[PDB]
Amino acid sequence: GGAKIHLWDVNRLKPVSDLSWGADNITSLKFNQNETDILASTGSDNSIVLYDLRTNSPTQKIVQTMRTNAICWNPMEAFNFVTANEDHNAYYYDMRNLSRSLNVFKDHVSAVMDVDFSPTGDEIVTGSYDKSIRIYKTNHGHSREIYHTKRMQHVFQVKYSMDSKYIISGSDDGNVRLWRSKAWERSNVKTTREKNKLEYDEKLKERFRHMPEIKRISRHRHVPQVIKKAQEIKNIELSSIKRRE
Amino acid sequence: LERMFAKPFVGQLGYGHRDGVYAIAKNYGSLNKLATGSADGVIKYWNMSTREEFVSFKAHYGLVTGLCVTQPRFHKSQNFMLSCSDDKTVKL
Amino acid sequence: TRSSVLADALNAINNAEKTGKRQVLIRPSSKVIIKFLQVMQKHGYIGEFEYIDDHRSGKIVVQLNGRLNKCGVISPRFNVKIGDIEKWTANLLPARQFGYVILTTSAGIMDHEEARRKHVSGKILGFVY
Amino acid sequence: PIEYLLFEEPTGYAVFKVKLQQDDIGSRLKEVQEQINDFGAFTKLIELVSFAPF
Amino acid sequence: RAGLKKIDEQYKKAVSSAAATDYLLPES
Amino acid sequence: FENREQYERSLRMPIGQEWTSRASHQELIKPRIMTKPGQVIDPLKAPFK
Amino acid sequence: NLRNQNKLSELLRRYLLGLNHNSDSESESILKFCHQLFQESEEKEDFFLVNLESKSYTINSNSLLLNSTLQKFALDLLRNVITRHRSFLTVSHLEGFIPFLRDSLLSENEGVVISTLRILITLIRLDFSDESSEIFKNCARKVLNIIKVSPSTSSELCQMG
Amino acid sequence: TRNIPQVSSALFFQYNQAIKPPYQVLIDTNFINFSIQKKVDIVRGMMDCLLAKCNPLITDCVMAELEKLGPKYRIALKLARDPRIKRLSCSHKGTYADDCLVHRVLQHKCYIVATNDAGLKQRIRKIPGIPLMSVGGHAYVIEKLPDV
Amino acid sequence: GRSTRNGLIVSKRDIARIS
RNA sequence: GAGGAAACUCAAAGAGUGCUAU
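Residues numbered from 1 in each chain as written, not as in the entry; some residues may be left out. Chains lettered and ligands numbered in written order. Part of a larger assembly, values for the part shown. Heavy atoms only, no water. Residues with missing side-chain atoms left out of burial classes, pairs and counts.

Per the deposited record, cryo-EM is how this structure was determined, to a resolution of 4.74 Å.

## Here we look at the overall build of chain B
When helices and strands are tallied, chain B shows one helix and eight strands. Viewed in the frame of its principal axes, chain B has a C-alpha envelope of about 55 × 30 × 20 Å. (Helix = DSSP H or I, 4+ residues; strand = E, 2+ residues; numbered from the N terminus.)

## Structural notes on the overall build of chain H
Assigned secondary structure in chain H consists of six helices and eight strands. Start at the N end of chain H and walk to the C end: the helices and strands fall as β-β-β-α-α-β-α-α-β-α-β-α-β-β. Taken against the 2.2 N^0.38 rule, which gives 15 Å for 148 residues, the C-alpha radius of gyration of chain H at 15 Å falls within 12% of a compact globule. Considering only C-alpha atoms, chain H reaches an extent of 50 × 35 × 25 Å along its principal axes. Taking the contacts inside chain H whose residues are at least 6 apart along the sequence as the reference set, 65% of them involve residues at least 24 apart. (Rg over C-alpha atoms; globule rule 2.2 N^0.38 Å. Contact = heavy atoms within 4.5 Å.)

## Topic: helix α1 (residues 5-19) of chain C
If you check α1 of chain C, its first and last C-alpha atoms are 21 Å apart, about what 15 residues at 1.5 Å a residue would give, namely 21 Å. Positive backbone phi, at 85°, marks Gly20 of chain C, one or two positions downstream of α1 of chain C. (Expected span 1.5 Å × (residues − 1).)

## Overview of the environment of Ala111 of chain A
All names here are of chain A. By the secondary structure assignment, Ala111 is in the loop between β10 (101-105) and β11 (112-117). Along the primary structure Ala111 and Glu86 are separated by 25 residues, whereas in three dimensions their C-alpha atoms are 4.3 Å apart. Once you skip the residues sitting within four places of it in the chain, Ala111 turns out to touch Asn85, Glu86, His88, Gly127, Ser128 and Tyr129.

## Quick look at the arrangement of the chains
Comparison of the 11 pairs of chains in contact shows the highest number of contacts for chains A and B. Spatially, chain D and chain G are disjoint, and the shortest separation between their C-alpha atoms is 29 Å. With no contact formed, the shortest span from any C-alpha in chain A to any C-alpha in chain I equals 28 Å.

## Here's the deal with the environment of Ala114 of chain H
Residue and element names in this part refer to chain H. With respect to the element layout, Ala114 can be found in strand β6 (residues 111-114). Along the chain, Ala114 and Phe31 lie 83 residues apart, while their C-alpha atoms are 6.3 Å from each other. Among all residues touching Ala114, those that are not within four sequence positions of it are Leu26, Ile27, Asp28, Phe31 and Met133.

## Some points on the interface of chain A and chain B
Listed by partner, the interface residues are 14 residues for chain A and 17 residues for chain B. Of all the secondary-structure elements, those providing two or more residues to the side of chain A that touches chain B are β15 (155-160), β16 (166-171) and β17 (176-180) of chain A. Here the element with the most residues in the side of chain A that touches chain B is β17 of chain A; it accounts for five residues. Grouping the constituent residues of the side of chain A that touches chain B by class yields six nonpolar, five polar and three charged. (Nonpolar A, V, L, I, M, F, W, Y, C, P; charged D, E, K, R; others polar.)

Written out as structure tokens, the structure reads:
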């Protein structure tokens, strides 16, 4: 994907086929993992274009209020994909009906630069210019967790370890960092007693998830001060619009 | 208990890249392998278990604008990766 | 005292990069401005940039990827020699190989690199790094 | 992706089967390294399937 | 209804199983 | 949930070892998402799509 | 770069057109010359050394491009000759080029293969031996393979196929 | 078991006969920052100041400290990553670089220390036979190096 | 040279000294 | 206050170790 989206074969030095919806350039692309013949692309005019190799032509296009920097297809859902957008939001889309999004994620304060599905398909991780990595549950619209440190300067690549147990992050400081998918979990093999005891904490926590005290403890995170001031002012801006409208 | 166990960071891949990292590709067939690129035009293949590089190539004069790992079917012992850059070339 | 349009554009780009803004609108535009911009862009410090013609001076909007440390227009317009170029870089750039001094010569506006390769000289405009 | 392990003992050859595969990404993390010392965890990883004395 | 219906059999089956465990009681 | 009645009915029985049988304890607790420790999880393939 | 490669292709075409009017084109020597092109086509020390260069050399291999470029010229020259001079269009004169034709048919570059197809169409009527006749059969198989891999028939290679 | 460290076999009183060209310089965090301020190249300046080939070393601690500094000093991080600079691994939890350099120096007596921190400088002065390197004015200066 | 809103300013003496 | 002798004695703890603790 450059000025034009081109299909290539390894054994042919020239581009085998030329795909293009229009004169616009293409910023990113991602093949599907289940319907491998379907491809999606991102354009600089704030557009998302879908393609099918079986027809060798683009299939559908939708224009957004802002550019999408990355697009990831759900490994467990062939028709379902997520898009990293420049309005601090990640949008979850069903291919067949693109007039609406399936879900929206809002917890970042800078444009999300990369997004990745867990190979299990039930979590998504997002990387943003705001020096943070967020993990979202697929059916929930807010991140369950935030990762950060001074030493990471701008997230541009975020990936899930193919076993779904770790997160790989790439930032502009020149370091590729590894993160646990779940901070409290440990990779060591557990005894059946530990497995049952550690499991019990989960359902019991899920059992009383919304209790006031547990919400105070469970939700709480150490967020960098730069992010909250962005969040706090953002909430003020949203409230003024809502009180207004 | 979960909070004082919340211990996410594990480590970093070797010494990283020279310039900012802009392209990471995972081996969908291998758990412990990555290809990473930076604006320096250098690409690195990593062994996640070792946090050490299989190899590093100064692939492009320009910026590594895309990176992907593949299993080319040319018409076990070696793996293959594809890199594209603003210098108007893609290298296997 | 008002400043040159080049200086205004440079300051806007620097400010926005430093505040983390990813898009900058520059007004007015000019051939010196635009040419200096593709020089940056070839060196990758900036990304996509776009030109509005308003039937007037015109406007630019520039994508920023955050790799710009500092860019500036140097003054006054003093001439630079080929075989001597290096020392000005050592004076006007943070380090030996880091940054690019921009120079307008008989063959156009260019960094000092394409300059010494073409054995051309002329007037210095500024720096980017 | 390891399913069987060959070990050679002075009495004879021993073949083992890997029930569980340890994490490769965190292979050097302290907890997995401690498991190799720990018999209890280690027994879960592999089991003896055949032994052929000289 | 389905998810809420299902948990109700997780209810009734659990309590019924617990009642069955009243048999193992070592003494009287 | 739709009202309190659906809630407290979901909340009525514990899950605990003291409270429910060892077997009943195990099926009430086994998680929905289960993955092998160090194996490749591949994208699904459908029979005739 | 590609733009210069396109420029080189033009000159090689201009050179080929000149041969058509060259008196050497009527002699038997050219066939040997085209034959030649085909076969021609086919720590303590660093602890002590000061290093002042931070740039590493970029890996490039243009030898294959030279091989294809030379290969393309000889095919175009050969086809131009045999079409223009009927006497050279004979089994004995063109028996030696068959092993080069089959090799050119497997080449990754489409243009050389296109020229390989053009000459083979020229030689279809010409009689050939058992070993020199299978090339027609093999090429018929290959063009189907090109059609199979190709997404669309509207391709310069496929159309010639 | 009371313990008295032996004085290094490399040392004749206050003289380090062991150190010979080419030298080893351990780089401190401030030394990069002041180097950029004075527009003095890391490698050329050392070889100019000392008139010998110099093999700079950056430990993990100082590398962490630079890249802790933040966006303002991204230039220093980039220069610190110059390939002519070699990197030195560490095996202690703390990221405090001042103590790490001191511990290495007490233990191995071929190392020059390039720093400007007044706190560090006196300590290395107390440690015998350790040449002290700093950037001052327009170029580097070496204090306790008999060969110059 | 000194930095200003108009741009970095270099004195004539500096130009001669560097030159 | 400092001690000594006896043990199939009675206690309160610490550390390590062993045994399919599956």
